[PDB]
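Written below as C-alpha cells is the structure these notes are about.
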Amino acid sequence: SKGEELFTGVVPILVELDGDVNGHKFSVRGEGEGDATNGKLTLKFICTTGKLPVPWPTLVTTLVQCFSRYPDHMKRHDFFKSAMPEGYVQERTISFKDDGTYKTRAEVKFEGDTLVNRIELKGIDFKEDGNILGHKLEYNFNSXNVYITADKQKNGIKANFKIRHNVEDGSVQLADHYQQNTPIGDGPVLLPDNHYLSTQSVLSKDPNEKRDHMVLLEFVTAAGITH
C-alpha cells in the first residue's frame with residue numbers, strides 16, 4: 001500500500017538501455033507516462049546512437065510491470081509496486097530459436113517523481129544475416145500472458161514465457177523468455193499467489209521523427225485469482 005500509493009495518478013517514466021549485440025554497441029532512451037489505475041502506458045523510444053542494430057520488436061519486453069492494473073481483490077499480489085520506491089532488479093535470458101541470446105539486467109525504481117527503468121543488455125551468437133541482425137521481423141507485437149509465480153528463496157518473483165515475432169516471409173521467430181525479479185531494498189514485499197499479466201501492445205511511428213524510433217502504447221492488467 002505504501003509502494004502502491006506512489007502510483008495513484010499519472011507517473012512520468014524514463015527508460016535507458018545500453019546494449020551490445022555481437023559487439024555492436026547502441027543506446028536507447030524512452031520517455032512517456034504510466035497510469036496503473038487503468039493499466040495503461042505511452043512511451044516513445046529513440047535509438048540515440050543512430051540506426052538500431054536489432055529490430056524494435058525484439059526490445060519491447062526489455063524496455064515496467066509496476067504499471068499493471070491489479071484489481072482490488074488482487075492487491076495483495078502486486079510484488080512490483082510493493083517494492084517501490086527503492087525498486088527491484090529484473091533479469092532475463094531471451095533465447096532466440098536458431099539464433100542468439102540476450103541477457104538483460106535492469107533496475108526499476110523511483111528517482112524523485114519519475115519511475116526509471118535502467119537496463120544493460122548483452123547479446124551473443126547472433127547470425128549476421130538471420131532474422132534479428134538481418135532485420136526480417138514485421139513491425140508489430142502480439143498479445144501475451146506472462147505467468148507470475150513467487151520465488152520465496154530470492155524474496156521475489158519469476159516468470160517464463162514465449163514471445164512469437166512474425167517474420168516477413170510468413171514464418172514466426174520464437175524468443176524464449178526466463179525472468180527473475182528481486183527487491184533492491186530490505187523492506188517487506190508482497191509475495192504473490194500464482195496469477196498472470198495480460199498485455200497488449202500497439203507499435204507505431206511518428207511521421208515527423210527522423211531518428212530511428214518506436215512509439216508504444218500498452219495496456220496491462222493482472223488476472224487469474226479468485227477469492
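Quick note on naming: the chains in the C-alpha cells go A, B, ... in the order shown, residues restart at 1 in each chain, and ligands are numbered from 1 in order of appearance.
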Identify, on the basis of only C-alpha atoms, every residue whose closest approach to residue 225 in chain A does not exceed 12 Å; exclude the query and any residue fewer than 2 positions from it along the same chain; express the result as an MDAnalysis selection string.
chainID A and resid 70:78 147:148 192:197 222:223 227
Emit the selected residues as an mmCIF file, in the first residue's frame, including C-alpha atoms.
data_model
loop_
_atom_site.group_PDB
_atom_site.id
_atom_site.type_symbol
_atom_site.label_atom_id
_atom_site.label_comp_id
_atom_site.auth_asym_id
_atom_site.auth_seq_id
_atom_site.Cartn_x
_atom_site.Cartn_y
_atom_site.Cartn_z
ATOM 1 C CA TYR A 70 -4.135 -5.142 -10.273
ATOM 2 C CA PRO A 71 -7.792 -5.383 -9.425
ATOM 3 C CA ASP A 72 -8.787 -4.599 -5.804
ATOM 4 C CA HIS A 73 -9.220 -8.230 -4.773
ATOM 5 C CA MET A 74 -5.650 -8.918 -6.096
ATOM 6 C CA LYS A 75 -3.788 -6.005 -4.475
ATOM 7 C CA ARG A 76 -2.032 -8.230 -2.031
ATOM 8 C CA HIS A 77 -0.324 -9.968 -5.002
ATOM 9 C CA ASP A 78 1.381 -6.979 -6.563
ATOM 10 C CA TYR A 147 2.527 -16.104 -15.783
ATOM 11 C CA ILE A 148 3.937 -14.854 -12.417
ATOM 12 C CA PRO A 192 2.133 -13.452 -4.794
ATOM 13 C CA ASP A 193 -0.066 -16.430 -5.391
ATOM 14 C CA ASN A 194 0.024 -17.691 -8.971
ATOM 15 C CA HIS A 195 -1.558 -15.305 -11.494
ATOM 16 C CA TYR A 196 -0.759 -13.756 -14.836
ATOM 17 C CA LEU A 197 -0.390 -10.444 -16.671
ATOM 18 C CA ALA A 222 -3.369 -8.672 -13.806
ATOM 19 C CA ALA A 223 -5.790 -11.555 -13.598
ATOM 20 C CA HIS A 227 -11.169 -15.201 -3.690
#
Among the residues of range 21-218 of chain A, find those DSSP assigns to strand (DSSP E) from the backbone and print them as a ChimeraX atom specification.
/A:21,24-35,40-47,88-96,101-111,114-124,144-151,156-166,172-183,195-204,213-218
Near-residue 164 in chain A list (7 Å; only C-alpha atoms; drop same-chain fewer than 6 positions) as a PDB file with N, CA and C atoms, in the first residue's frame:
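The new file selection.pdb reads:
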ATOM      1  N   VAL A 172       7.408 -17.559 -38.150  1.00  0.00           N
ATOM      2  CA  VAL A 172       7.427 -16.984 -36.841  1.00  0.00           C
ATOM      3  C   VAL A 172       8.786 -17.271 -36.186  1.00  0.00           C
ATOM      4  N   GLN A 173       9.293 -16.330 -35.411  1.00  0.00           N
ATOM      5  CA  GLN A 173      10.569 -16.444 -34.705  1.00  0.00           C
ATOM      6  C   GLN A 173      10.239 -16.482 -33.219  1.00  0.00           C
ATOM      7  N   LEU A 174      10.560 -17.586 -32.578  1.00  0.00           N
ATOM      8  CA  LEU A 174      10.378 -17.797 -31.146  1.00  0.00           C
ATOM      9  C   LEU A 174      11.462 -17.062 -30.391  1.00  0.00           C
ATOM     10  N   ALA A 175      11.090 -16.432 -29.293  1.00  0.00           N
ATOM     11  CA  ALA A 175      12.024 -15.833 -28.322  1.00  0.00           C
ATOM     12  C   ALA A 175      11.537 -16.317 -26.943  1.00  0.00           C
TER      13      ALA A 175
END
Fewer than 5 positions away in the same chain doesn't count, so skip those; otherwise give me all residues within 6 Å of range 28-38 of chain A, counting only C-alpha atoms, as an NGL selection string.
:A and (10-17 or 43-48 or 67-69)
Write the residues of the preceding selection, restricted to N, CA, C and O atoms, as a JSON list (two decimals), in the first residue's frame.
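Resulting contents of result25.json:
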[["chain", "number", "residue", "atom", "x", "y", "z"],
["A", 10, "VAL", "N", -0.98, 9.76, -12.70],
["A", 10, "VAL", "CA", -0.14, 9.57, -13.89],
["A", 10, "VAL", "C", 1.34, 9.78, -13.49],
["A", 10, "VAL", "O", 1.67, 10.82, -12.97],
["A", 11, "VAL", "N", 2.22, 8.82, -13.78],
["A", 11, "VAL", "CA", 3.61, 8.89, -13.37],
["A", 11, "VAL", "C", 4.55, 9.02, -14.58],
["A", 11, "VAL", "O", 4.46, 8.21, -15.48],
["A", 12, "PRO", "N", 5.44, 10.04, -14.60],
["A", 12, "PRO", "CA", 6.40, 10.09, -15.69],
["A", 12, "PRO", "C", 7.28, 8.86, -15.69],
["A", 12, "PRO", "O", 7.65, 8.37, -14.63],
["A", 13, "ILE", "N", 7.64, 8.38, -16.87],
["A", 13, "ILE", "CA", 8.56, 7.26, -17.00],
["A", 13, "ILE", "C", 9.79, 7.66, -17.85],
["A", 13, "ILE", "O", 9.66, 8.42, -18.85],
["A", 14, "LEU", "N", 10.94, 7.11, -17.47],
["A", 14, "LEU", "CA", 12.19, 7.30, -18.19],
["A", 14, "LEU", "C", 12.78, 5.90, -18.34],
["A", 14, "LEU", "O", 12.94, 5.20, -17.37],
["A", 15, "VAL", "N", 13.18, 5.54, -19.55],
["A", 15, "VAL", "CA", 13.86, 4.25, -19.83],
["A", 15, "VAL", "C", 15.21, 4.54, -20.47],
["A", 15, "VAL", "O", 15.29, 5.38, -21.36],
["A", 16, "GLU", "N", 16.26, 3.85, -20.01],
["A", 16, "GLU", "CA", 17.60, 3.99, -20.60],
["A", 16, "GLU", "C", 18.12, 2.59, -20.77],
["A", 16, "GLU", "O", 18.17, 1.80, -19.82],
["A", 17, "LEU", "N", 18.54, 2.27, -21.98],
["A", 17, "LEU", "CA", 19.15, 1.00, -22.28],
["A", 17, "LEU", "C", 20.52, 1.19, -22.94],
["A", 17, "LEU", "O", 20.66, 1.94, -23.92],
["A", 43, "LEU", "N", 4.73, 5.54, -24.45],
["A", 43, "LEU", "CA", 6.16, 5.75, -24.47],
["A", 43, "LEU", "C", 6.60, 5.96, -25.89],
["A", 43, "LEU", "O", 6.08, 5.30, -26.81],
["A", 44, "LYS", "N", 7.64, 6.79, -26.05],
["A", 44, "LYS", "CA", 8.35, 6.91, -27.31],
["A", 44, "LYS", "C", 9.82, 6.64, -27.06],
["A", 44, "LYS", "O", 10.43, 7.26, -26.14],
["A", 45, "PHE", "N", 10.38, 5.76, -27.88],
["A", 45, "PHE", "CA", 11.78, 5.37, -27.78],
["A", 45, "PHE", "C", 12.60, 5.86, -28.96],
["A", 45, "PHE", "O", 12.16, 5.79, -30.11],
["A", 46, "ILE", "N", 13.83, 6.31, -28.68],
["A", 46, "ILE", "CA", 14.81, 6.77, -29.72],
["A", 46, "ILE", "C", 16.05, 5.92, -29.56],
["A", 46, "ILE", "O", 16.55, 5.70, -28.43],
["A", 47, "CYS", "N", 16.64, 5.48, -30.66],
["A", 47, "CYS", "CA", 18.00, 4.96, -30.63],
["A", 47, "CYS", "C", 18.89, 6.20, -30.79],
["A", 47, "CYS", "O", 18.95, 6.82, -31.88],
["A", 48, "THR", "N", 19.55, 6.57, -29.71],
["A", 48, "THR", "CA", 20.34, 7.76, -29.66],
["A", 48, "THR", "C", 21.69, 7.60, -30.33],
["A", 48, "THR", "O", 22.32, 8.61, -30.58],
["A", 67, "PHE", "N", 3.40, -0.99, -13.70],
["A", 67, "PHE", "CA", 2.23, -0.26, -14.19],
["A", 67, "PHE", "C", 1.00, -1.13, -14.54],
["A", 67, "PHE", "O", -0.04, -0.61, -14.96],
["A", 68, "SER", "N", 1.11, -2.43, -14.32],
["A", 68, "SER", "CA", -0.03, -3.29, -14.43],
["A", 68, "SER", "C", -1.17, -2.84, -13.56],
["A", 68, "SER", "O", -0.97, -2.48, -12.41],
["A", 69, "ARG", "N", -2.38, -2.88, -14.08],
["A", 69, "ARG", "CA", -3.53, -2.72, -13.23],
["A", 69, "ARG", "C", -3.85, -4.03, -12.46],
["A", 69, "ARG", "O", -4.16, -5.05, -13.07]]
Of the residues A:146, A:21, A:167, A:94, which is the one nearest to residue 220 in chain A, using only C-alpha atoms?
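Residue with the minimum atom-to-atom distance to residue 220 in chain A: A:146.
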Using only C-alpha atoms, which residues sit within 9 Å of range 150-162 of chain A once same-chain residues fewer than 4 positions away are excluded, as a PDB file with N, CA and C atoms, in the first residue's frame?
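Output below, filename out.pdb:
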ATOM      1  N   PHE A  79       3.736  -7.639  -6.357  1.00  0.00           N
ATOM      2  CA  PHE A  79       5.097  -7.533  -5.902  1.00  0.00           C
ATOM      3  C   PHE A  79       5.748  -6.239  -6.390  1.00  0.00           C
ATOM      4  N   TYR A  88      13.196  -2.763  -7.821  1.00  0.00           N
ATOM      5  CA  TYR A  88      13.601  -4.153  -7.977  1.00  0.00           C
ATOM      6  C   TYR A  88      14.605  -4.329  -9.114  1.00  0.00           C
ATOM      7  N   UNK A 144       0.095 -11.232 -25.148  1.00  0.00           N
ATOM      8  CA  UNK A 144       0.709 -12.393 -24.392  1.00  0.00           C
ATOM      9  C   UNK A 144       0.333 -12.365 -22.934  1.00  0.00           C
ATOM     10  N   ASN A 145       0.224 -13.577 -22.374  1.00  0.00           N
ATOM     11  CA  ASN A 145       0.045 -13.758 -20.963  1.00  0.00           C
ATOM     12  C   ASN A 145       1.394 -14.129 -20.348  1.00  0.00           C
ATOM     13  N   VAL A 146       1.774 -13.406 -19.329  1.00  0.00           N
ATOM     14  CA  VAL A 146       3.013 -13.685 -18.648  1.00  0.00           C
ATOM     15  C   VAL A 146       2.618 -14.180 -17.286  1.00  0.00           C
ATOM     16  N   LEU A 174      10.560 -17.586 -32.578  1.00  0.00           N
ATOM     17  CA  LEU A 174      10.378 -17.797 -31.146  1.00  0.00           C
ATOM     18  C   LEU A 174      11.462 -17.062 -30.391  1.00  0.00           C
ATOM     19  N   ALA A 175      11.090 -16.432 -29.293  1.00  0.00           N
ATOM     20  CA  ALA A 175      12.024 -15.833 -28.322  1.00  0.00           C
ATOM     21  C   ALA A 175      11.537 -16.317 -26.943  1.00  0.00           C
ATOM     22  N   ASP A 176      12.257 -17.289 -26.418  1.00  0.00           N
ATOM     23  CA  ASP A 176      12.020 -17.881 -25.109  1.00  0.00           C
ATOM     24  C   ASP A 176      12.515 -17.004 -23.968  1.00  0.00           C
ATOM     25  N   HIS A 177      11.615 -16.530 -23.109  1.00  0.00           N
ATOM     26  CA  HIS A 177      11.947 -15.630 -22.003  1.00  0.00           C
ATOM     27  C   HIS A 177      11.969 -16.339 -20.644  1.00  0.00           C
ATOM     28  N   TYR A 178      13.066 -16.198 -19.903  1.00  0.00           N
ATOM     29  CA  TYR A 178      13.114 -16.545 -18.463  1.00  0.00           C
ATOM     30  C   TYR A 178      13.456 -15.311 -17.678  1.00  0.00           C
ATOM     31  N   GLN A 179      12.709 -15.085 -16.619  1.00  0.00           N
ATOM     32  CA  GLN A 179      12.721 -13.839 -15.879  1.00  0.00           C
ATOM     33  C   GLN A 179      12.794 -14.059 -14.363  1.00  0.00           C
ATOM     34  N   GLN A 180      13.538 -13.181 -13.692  1.00  0.00           N
ATOM     35  CA  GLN A 180      13.652 -13.142 -12.227  1.00  0.00           C
ATOM     36  C   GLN A 180      13.697 -11.728 -11.721  1.00  0.00           C
ATOM     37  N   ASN A 181      12.919 -11.442 -10.693  1.00  0.00           N
ATOM     38  CA  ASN A 181      12.917 -10.125 -10.096  1.00  0.00           C
ATOM     39  C   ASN A 181      13.178 -10.281  -8.624  1.00  0.00           C
ATOM     40  N   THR A 182      13.951  -9.342  -8.114  1.00  0.00           N
ATOM     41  CA  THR A 182      14.392  -9.330  -6.769  1.00  0.00           C
ATOM     42  C   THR A 182      14.421  -7.896  -6.165  1.00  0.00           C
ATOM     43  N   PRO A 183      13.931  -7.712  -4.931  1.00  0.00           N
ATOM     44  CA  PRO A 183      13.834  -6.333  -4.430  1.00  0.00           C
ATOM     45  C   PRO A 183      15.218  -5.714  -4.204  1.00  0.00           C
ATOM     46  N   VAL A 189       8.193  -7.122   1.223  1.00  0.00           N
ATOM     47  CA  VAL A 189       7.485  -7.081  -0.067  1.00  0.00           C
ATOM     48  C   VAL A 189       6.354  -8.104  -0.099  1.00  0.00           C
ATOM     49  N   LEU A 190       5.476  -7.967  -1.066  1.00  0.00           N
ATOM     50  CA  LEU A 190       4.379  -8.884  -1.276  1.00  0.00           C
ATOM     51  C   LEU A 190       4.826 -10.065  -2.133  1.00  0.00           C
ATOM     52  N   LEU A 191       4.620 -11.287  -1.670  1.00  0.00           N
ATOM     53  CA  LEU A 191       4.968 -12.461  -2.492  1.00  0.00           C
ATOM     54  C   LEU A 191       3.665 -13.077  -2.983  1.00  0.00           C
ATOM     55  N   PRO A 192       3.473 -13.200  -4.284  1.00  0.00           N
ATOM     56  CA  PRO A 192       2.133 -13.452  -4.794  1.00  0.00           C
ATOM     57  C   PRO A 192       1.789 -14.899  -4.929  1.00  0.00           C
ATOM     58  N   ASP A 193       0.499 -15.200  -4.838  1.00  0.00           N
ATOM     59  CA  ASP A 193      -0.066 -16.430  -5.391  1.00  0.00           C
ATOM     60  C   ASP A 193       0.065 -16.398  -6.936  1.00  0.00           C
ATOM     61  N   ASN A 194      -0.071 -17.568  -7.533  1.00  0.00           N
ATOM     62  CA  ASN A 194       0.024 -17.691  -8.971  1.00  0.00           C
ATOM     63  C   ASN A 194      -1.012 -16.837  -9.693  1.00  0.00           C
TER      64      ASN A 194
END
Between CA of residue 211 in chain A and CA of residue 50 in chain A - distance in Å to one decimal:
7.2 Å
So that I can see what lies close to residue 125 in chain A, please list as a PyMOL selection string the residues with an atom at most 7 Å from it, counting only C-alpha atoms and leaving out residues fewer than 4 positions away in the same chain.
chain A and resi 22+99-101
Could those residues be written to a file, using N, CA, C and O atoms, as a PDB file, in the first residue's frame?
ATOM      1  N   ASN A  22      26.510  -8.851 -30.462  1.00  0.00           N
ATOM      2  CA  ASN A  22      27.637  -9.272 -31.302  1.00  0.00           C
ATOM      3  C   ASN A  22      28.704  -8.155 -31.385  1.00  0.00           C
ATOM      4  O   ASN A  22      29.300  -7.956 -32.443  1.00  0.00           O
ATOM      5  N   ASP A  99      19.114 -18.968 -33.258  1.00  0.00           N
ATOM      6  CA  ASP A  99      19.842 -17.719 -33.375  1.00  0.00           C
ATOM      7  C   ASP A  99      20.431 -17.382 -31.987  1.00  0.00           C
ATOM      8  O   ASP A  99      20.613 -18.286 -31.147  1.00  0.00           O
ATOM      9  N   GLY A 100      20.678 -16.108 -31.715  1.00  0.00           N
ATOM     10  CA  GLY A 100      21.362 -15.705 -30.494  1.00  0.00           C
ATOM     11  C   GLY A 100      20.523 -15.621 -29.246  1.00  0.00           C
ATOM     12  O   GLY A 100      19.341 -15.988 -29.231  1.00  0.00           O
ATOM     13  N   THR A 101      21.166 -15.111 -28.200  1.00  0.00           N
ATOM     14  CA  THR A 101      20.583 -14.922 -26.899  1.00  0.00           C
ATOM     15  C   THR A 101      20.882 -13.492 -26.381  1.00  0.00           C
ATOM     16  O   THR A 101      22.032 -12.984 -26.511  1.00  0.00           O
TER      17      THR A 101
END
When you count only C-alpha atoms, which of these residues is closest to residue 221 in chain A: A:9, A:188, A:3, A:39?
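Ranked by minimum distance to residue 221 in chain A, first place goes to A:39.
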Based on DSSP run over this structure's backbone, return all residues of range 20-59 of chain A in helix (DSSP H, G or I), as a compact mmCIF listing (two decimals) with N, CA and C atoms, in the first residue's frame.
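The resulting states-v8.txt:
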# COMPACT_ATOMS: atom_id res chain seq x y z
N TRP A 56 13.17 -3.35 -33.48
CA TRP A 56 12.47 -2.78 -32.33
C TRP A 56 11.60 -3.79 -31.57
N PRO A 57 10.78 -4.60 -32.28
CA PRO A 57 10.01 -5.58 -31.52
C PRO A 57 10.78 -6.51 -30.60
N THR A 58 12.03 -6.80 -30.92
CA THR A 58 12.80 -7.65 -30.03
C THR A 58 13.18 -7.02 -28.70
N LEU A 59 13.00 -5.70 -28.57
CA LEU A 59 13.33 -5.00 -27.38
C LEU A 59 12.13 -4.66 -26.48
Looking at only C-alpha atoms, which of A:119, A:54, A:66, A:214 is the one that sits closest to residue 106 in chain A?
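Between A:119, A:54, A:66, A:214, the residue approaching residue 106 in chain A most closely is A:119.
Between CA of residue 27 in chain A and CA of residue 61 in chain A lies a distance of 15.9 Å.
Distance check against residue 63 in chain A using only C-alpha atoms: of A:105, A:86, A:51, A:1, the minimum falls on A:105.
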From the options A:210, A:135, A:53, A:81, which residue's atoms come nearest to residue 2 in chain A, counting only C-alpha atoms?
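Among the listed residues, the smallest separation from residue 2 in chain A belongs to A:81.
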